[PDB]
Amino acid sequence: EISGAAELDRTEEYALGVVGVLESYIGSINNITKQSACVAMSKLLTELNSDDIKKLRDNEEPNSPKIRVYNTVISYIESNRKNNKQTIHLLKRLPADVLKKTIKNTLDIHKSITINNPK
């Protein structure tokens, strides 16, 4: 093991905080308001495209169980394009207990496309 000082470490700016807010909310480590979590998630989708999910989904059988969870994501992405207002409303009518699951399924996709390769 070694540590030749900080190599690139091209830290632009803590890499935004959109994800940071959600992590704190679902992390239960702090007291983030559902409003701050939903709005944040909205900027998150901007990255995850519907067509992108289809690809990841295709990796499964055309009748697999993961089809429902992945399919659900499409409803959120497509909705954002139709009206970002509905995206926040959907999470509002849903309980924070189910909400946390929705946020996870969203971050789970982001981690799949994890670019770069930092130590």
Do we have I67 as in a helix (DSSP H, G or I), of a type in the set (A, V, I, L, M, F, W, C) and in contact (Cβ under 8 Å) with a residue 40 or more places away in the chain here? no
Checked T72, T33 against criteria (under 14 Å from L91 (Cβ atoms) and over 15 Å from the mean Cα position of the chain (by Cα)); the one match is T33
Sort through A15, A5 and tell me the only one that's within 18 Å of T114 (Cβ to Cβ), exposed (fewer than 10 other Cβ atoms within 10 Å of the Cβ) and among the hydrophobic types (A, V, I, L, M, F, W, C). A15
Just one of (1) in contact with a helix residue (DSSP H, G or I) (Cβ under 9 Å, 6 or more places away or on another chain); (2) under 15 Å from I109 (Cβ atoms); (3) exposed (fewer than 15 other Cβ atoms within 10 Å of the Cβ) trips up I29, so point out which. (2)
Check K111 against each of (1) under 30 Å from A6 (Cα atoms); (2) touching a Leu at 6+ places or on another chain (Cβ under 9 Å); (3) part of a helix (DSSP H, G or I) and name the one condition it does not meet. (2)
Verdict on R57 being of a type in the set (K, R), without any contact (Cβ under 8 Å) to a residue 24 or more places away in the chain, out of contact with any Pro (no Cβ under 7 Å at 6 or more places or on another chain) and closer than 20 Å to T114 by Cα: yes
Test set (1) within 21 Å of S112 (Cβ to Cβ); (2) touching a helix residue (DSSP H, G or I) at 6+ places or on another chain (Cβ under 8 Å); (3) without any contact (Cβ under 8 Å) to a residue 24 or more places away in the chain - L45 fails condition number: (3)
Here is a list of conditions, (1) surrounded by 14 or more Cβ atoms within 10 Å (Cβ to Cβ); (2) of a type in the set (S, T, Y); (3) over 15 Å from the mean Cα position of the chain (by Cα), and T102 meets all of them except one; can you say which number that is? (3)
Report yes if some residue within region 33-40 is exposed (fewer than 13 other Cβ atoms within 10 Å of the Cβ) and assigned to a helix (DSSP H, G or I); otherwise report no. yes
Could you list all residues from region 41-58 that are part of a loop (DSSP other than H, G, I, E, B) and either surrounded by 17 or more Cβ atoms within 10 Å (Cβ to Cβ) or among the hydrophobic types (A, V, I, L, M, F, W, C) (or both)? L48
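Here Cβ is always computed from backbone atoms with ideal geometry, including for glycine, and neighbour counts include all displayed protein chains. All of the numbers you see were taken from the coordinates with simple rules; none came from a lab.
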